[PDB]
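Residue 516 in the deposited numbering is what sits at position 129 of the sequence shown, and the numbering runs on without skipping anything.
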Amino acid sequence: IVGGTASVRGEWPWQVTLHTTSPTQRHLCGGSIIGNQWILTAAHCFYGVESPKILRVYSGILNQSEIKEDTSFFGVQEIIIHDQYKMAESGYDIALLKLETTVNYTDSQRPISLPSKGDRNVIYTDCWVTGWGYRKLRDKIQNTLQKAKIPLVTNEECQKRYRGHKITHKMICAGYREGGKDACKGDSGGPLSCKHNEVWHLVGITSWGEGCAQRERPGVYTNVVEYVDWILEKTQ
Ligand SMILES: O=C1CSc2cc(C(=O)N[C@@H](Cc3ccccc3)C(=O)NCCc3cc(Cl)ccc3-n3cnnn3)ccc2N1
């Protein structure tokens, strides 16, 4: 996350770090706990992943440096990628991980709610992007979970800035007109969480952007409310 600020333990308890272990262990992507056995994340996270065997999901993590070889994790039983996914920029950048076991929820691992039935027309004014990605275009995975508050831009404005892509109703955009704060490399799959009536909703999934925190170039996210039927279909 560019222009962001460090988080404290317990603060984003739905944020997971998804690790690949092939050929060596490293943070691959972020993700959100949406069910006891279910993580929501981005499809482009699995571009080089041979199978779920190599994946570890860590929850309750503030610092990447807490992950030692005795640190508990959740195996991934399944990666359900949307059948229409091809590449991030062309939408459908959504994926569920079915964990091998049920997360017992604690102070440090909690579910984030999906956007709610009847809230299609809520205007979300308190939205945050979280993750351990870069702080600039050429940087490194950060040790401490970063956070930045970012305003939603309308899909009409978002199309004016990305006239070489098709920005659809199944995408949601978020960024400052003068840049400065945004997601970046390694933040993919993570949440754009928004609080409405003091409840947090999983509004977005970090997908793609032209550079990081560039002015007039907003972050583009998978619009989760448009995939709720898909999510339920697949999680039932
Ligand atoms: O130990 C390491 C070495 S550094 C590292 C980088 C990435 C990475 O490139 N992630 C990409 C996604 C990706 C996943 C799999 C294969 C290839 C790429 C990403 O986050 N991409 C984030 C996309 C993005 C989203 C928004 Cl909302 C705004 C701006 C950006 N931009 C970041 N860079 N340019 N734009 C993932 C894990 C990593 N762990």
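A virtual CB, placed ideally from N, CA and C, is assigned to each residue, including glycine.
- At least one heavy atom of ligand 1 is found less than 7 Å from the C-beta of residue 569.
- Shortest Cα-Cα distance from residue 492 to any of 527, 436, 422 involves 422.
- For the 8 Å CB-CB criterion, residue 507 and residue 612 form a contact.
- Proximity to residue 557 across 538, 594, 581 peaks at 594, based on C-alpha coordinates.
- In the structure shown, the three-state DSSP call for residue 616 is helix.
- If you look at residue 485, you'll find it in the beta strand (DSSP E) that goes 482-486.
- Residues 405, 406, 407, 432 of the same chain have their beta carbon placed closer than 7 Å to that of residue 415, with the five preceding and five following residues left out of the count.
- Between ligand 1 and residue 414, a heavy atom-to-CB distance of less than 7 Å is present.
- Distance from the C-beta of residue 572 to the nearest heavy atom of ligand 1 is below 7 Å.
- Counting along the chain, the unbroken alpha helix (DSSP H) around residue 542 starts and ends at 542-548.
- The continuous stretches of beta strand (DSSP E) do not include residue 495, and DSSP gives it neither H nor E.
- Put simply, the backbone Cα of residue 505 is about 16 Å away from that of residue 585.
- Pairwise C-beta distances place the segment 444-456 out of contact with the segment 559-574, as fewer than three of them are shorter than 8 Å.
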